[PDB]
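Notes follow once the structure below has been shown.
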DNA sequence: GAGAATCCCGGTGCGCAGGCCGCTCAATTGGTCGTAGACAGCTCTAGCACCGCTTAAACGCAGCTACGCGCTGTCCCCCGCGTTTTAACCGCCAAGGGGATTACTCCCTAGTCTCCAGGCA
DNA sequence: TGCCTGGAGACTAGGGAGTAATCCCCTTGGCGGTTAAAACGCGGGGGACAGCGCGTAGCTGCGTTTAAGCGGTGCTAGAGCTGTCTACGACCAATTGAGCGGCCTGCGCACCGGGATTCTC
């Protein structure tokens, strides 16, 4: 069994471009990209937690890592999306 | 008034081993401490990544040896691996 | 005239510009020194070729910039040397 | 007496490469740092060590950039450094 | 606090160039160097302020600047860590 | 001597992809040397990774990790 | 009292 | 009830949580950290996929190929900065 | 009671390195010889850089190593220069290097 | 610095015998006027400003002054000031402070001047503050009998 | 003066309030002169 | 503001505000001591030496 | 041969580096005990080594002319140095406020374990 | 489609707020000097930039020559997976000494001052 983000990437693509497909090589590129940004954000969250002598990675750590890593407009939009997701999650 | 762990005494011991007469200033000692911490972080992170890639849950002498080979340039890496294997052999012999 | 057409033709394309078999031989020759009787996956050699061609194209772009800065159209080895020296790979 | 052009420049090159002192006045740099920081967040206090670290990093960055700029100037058969030299150095470095 | 970029002085930029080995300097180099330093400081200070804001602090410590520089790829020694 | 396998027209193609109009005759040796250095570094790291795994086959993941640690990540082979 | 073979 | 559906996302909040736990990022992972990370990953994926689909439409195609992803990344300045040191297989380079 | 550094023959602390490896969240488990190897490598690198720094200091008729000496040591040695390529040393200065074309 | 020329004028008016050296000018001029001043009987009295002594304290501190005279000693009244610390340890056989108002704000200024004069009689400022400054300030403010 | 003494209780410290009160006691024109009025 | 008030009321004045050049200070002193028309001489306490 | 800039040897003063002294807290020692993985053993995949055609690319020559480079000739703009500005920087004079650190308490909130069904490869 | 794996459901111990206290330390308007880095002229040298003329080296076009590429085939090294069982590392109490500040004081290094040597014109 091999795990990949191909299914979720396909779902997102269908949400954004319902009539547009994706080739296998492009899907591999997308999986690699998702893994790369995941590892980068998690590594920055880990460094932030270790610097502040905190044993837990919380939403604040991920938000700060996103602000540090992503450029301006992407960073602010991602922060808004994450805050919205967390707010919806806590209220359900 | 709180403990602040540092490599000052160990760096001084190594300096005395190399140059019995020379000394070191506070800024130079801070730079050496930062250098030791940086190299430690590099090797530890590379070892952790090596362990993660091979689906191993432990950091052993093999992981750090490979990390030293990956990080350091040629002669530095060769001499560092020699020193590390000498240290581990002596440690195992002393039990 | 032909140079600009060739630039556009290779610029629009995506295929690998280096021939596959010579590059595989070069990769195996380079790897021979580090370890004996090494086997390579085909995907590994393809990845090496992709990285090498991207590296060379980016370097050539920086060398073209260096040549233009010297009021020259031809690229000369000193341009490659300066590109690598400024980039820091020296 | 009057030294021919270039001699005093080389003399001060040697002088400033012998030393390790900071070359920018500390108060103007502190004001510049505070001016840049007030845009990101108001009511921010800088420790003296933080400003000194910023100054050291900036001076090292500028020295290395000037080395690259001088290499660009020697390329294309020149001695003077011009803004095109800095632009080429930055573009080759991967900035902009 | 306004128009502090002029605090980077022409003799200061000349001294930095002399440390860099520059013999002759054009008149337009000063504005370009001021802009480049402005950009570099903006990036480093933004990262440092993010680190300080994460710790719920109001004082930017040298450790925060060192962490910001390390993130930028410009690790600095002698100021802790 | 397989470095001559990187033919002069291939170097011309790479330069044209980079927008170079004219190429000097001494560029070919220089670019062969540069490519040899780059390949030596990447392959050395990849062989280190392969040896650490007790494998005798250099997989694509080894090359991907070597490139990533060299500072130039490569997409499309890691997943 | 300590010497490195790298320089020698 | 799925945690991803509870958070209103499409990416696997559970899988992201398991990866954060198994990975050695920290000894404790909060409840909202996987949700936030999944949201960020989903937004970035949606952005790059929208740009790639627009590039594919501009080429009169119906499938996103690596060339389309390369064009989308290099045309958007912010995504170009995010993936600056990244090479896309079979992607080529921008026209110039 | 004999320390692990004493058993390994090193000067750097094996126990401290082991604690840092355990608390640094690098793996679930940390091997017994990993701190010894890491301490040995760190001691070797410190010895190299300090030998070069002391050699630089003697050339300046000074007994104590100042940061300028460390910068000269790192930049003059090619391997250490590559190791610390992206590292700035505070109060380190730069190597004296004037290009040939600029000389009269 | 303002009174420097007036003091030179007074020295020349009353005692023309003294070889007066004045230490005004830029760094090059000061260095030139220094040259060969360690020679015996090369200058008898030197006049210099607080800013110049603070800047050139390395040259002046080393030399074995006989008298160290400070006109307008109220410039030294703050012992936390850099001036008091820089001038405290000058090599002088004798010291003489000239002022018109030894006390301006608090007895701590008087202690600063006295410590500058006789360190072995006014060693501690905490003891002085406990003995005199706090109770006398209380008496003035009415907090003490 | 009353406005400043109200600002005492809430960023301005006692020293800044002290200086502002001294300026007020000196003259209110130290803050803002009476405007020169002209048509729009 | 004192300049405005004094000029409004008609009192001739001289000014030494601590920013005046040193060579001008002696001239102002001599003029004030010599001229009987100058009613006031506004000064800053911390200045003048 | 003039001048100007370093350089080189005594002296000297200061502040900090290297050392000694309590004290504690974190390495160390001697145990138990899960379990990670080292080591057989198997399987079956893909990496390599051979052909034998197709043909597109690489190569060697010829002819050509485009541009790199050396050589002159302005001319402008930056350097070296003198004279004037000014802005770092110290001092002041005031009344108390921050604002990061270290100890207590204490309570949500993660982790761990059990069971189950459904998401996904 | 048949799983593994993520998701309820109960305990539970500790990480991370609150809350003091507590210690450290300037903090900021307007003032007034006062030097030494800036700032401002400005004369002139020399470097930048623009021609101009060669002449040779890249570029293009063509006819061979070559080997990359593609399709079968075929054989095995070796990657990947599984079952055992030990050796090894995680916890856990007691010791205990090595490593922290606190505090001090020689001594190295910064600096100054003449005289001598070296560098530029």
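Easy rule for this one: first residue shown is 1, then count along the chain.
For this deposited structure, the header notes the method as electron microscopy, 3.3 Å.
The backbone N, Cα and C atoms fix where each Cβ goes, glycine too.
If you check Swiss-Prot, you get these features:
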{"type": "LIPID", "residues": "C:66", "note": "S-palmitoyl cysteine"}
{"type": "MOD_RES", "residues": "C:12", "note": "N6-succinyllysine"}
{"type": "MOD_RES", "residues": "C:12", "note": "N6-acetyllysine"}
{"type": "MOD_RES", "residues": "C:20", "note": "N6-methyllysine"}
{"type": "MOD_RES", "residues": "C:35", "note": "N6-lactoyllysine"}
{"type": "MOD_RES", "residues": "C:35", "note": "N6-acetyllysine"}
{"type": "MOD_RES", "residues": "C:35", "note": "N6,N6,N6-trimethyllysine"}
{"type": "MOD_RES", "residues": "C:35", "note": "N6-succinyllysine"}
{"type": "MOD_RES", "residues": "C:36", "note": "phosphothreonine"}
{"type": "MOD_RES", "residues": "C:63", "note": "phosphothreonine"}
{"type": "MOD_RES", "residues": "C:71", "note": "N6-acetyllysine"}
{"type": "MOD_RES", "residues": "C:71", "note": "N6-glutaryllysine"}
{"type": "MOD_RES", "residues": "C:78", "note": "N6-methyllysine"}
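Shown on the structure are the features that Swiss-Prot records.
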residue : record               : contacts (Cβ under 8 Å, 6+ apart)
C:12    : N6-succinyllysine    : none
C:20    : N6-methyllysine      : C:45, C:49
C:35    : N6-lactoyllysine     : none
C:36    : phosphothreonine     : none
C:63    : phosphothreonine     : C:75, C:79, C:80, C:82, C:83
C:66    : S-palmitoyl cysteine : C:75, C:79, C:80, C:82, C:83
C:71    : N6-acetyllysine      : none
C:78    : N6-methyllysine      : none
Let me know the DSSP-derived helix, strand or coil state of residue C:36 (phosphothreonine), please.
coil
Recorded positions (C:12, C:35, C:63, C:66) in Cβ proximity to chain H, threshold under 8 Å:
C:12
Name the recorded positions, out of C:12, C:20, C:36, C:66, C:71, that lie close to chain F, meaning a Cβ-Cβ distance under 8 Å, keeping sequence order and answering 'none' if none do.
none
What does DSSP say about residue C:63 (phosphothreonine): helix, strand or coil?
helix
Three-state secondary structure, residue C:71 (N6-acetyllysine) (per DSSP):
coil
Report, in sequence order, every one of the modified residues (C:12, C:35, C:63, C:71, C:78) having a CB within less than 8 angstroms of a CB belonging to chain I; if no such residue exists, report 'none'.
none
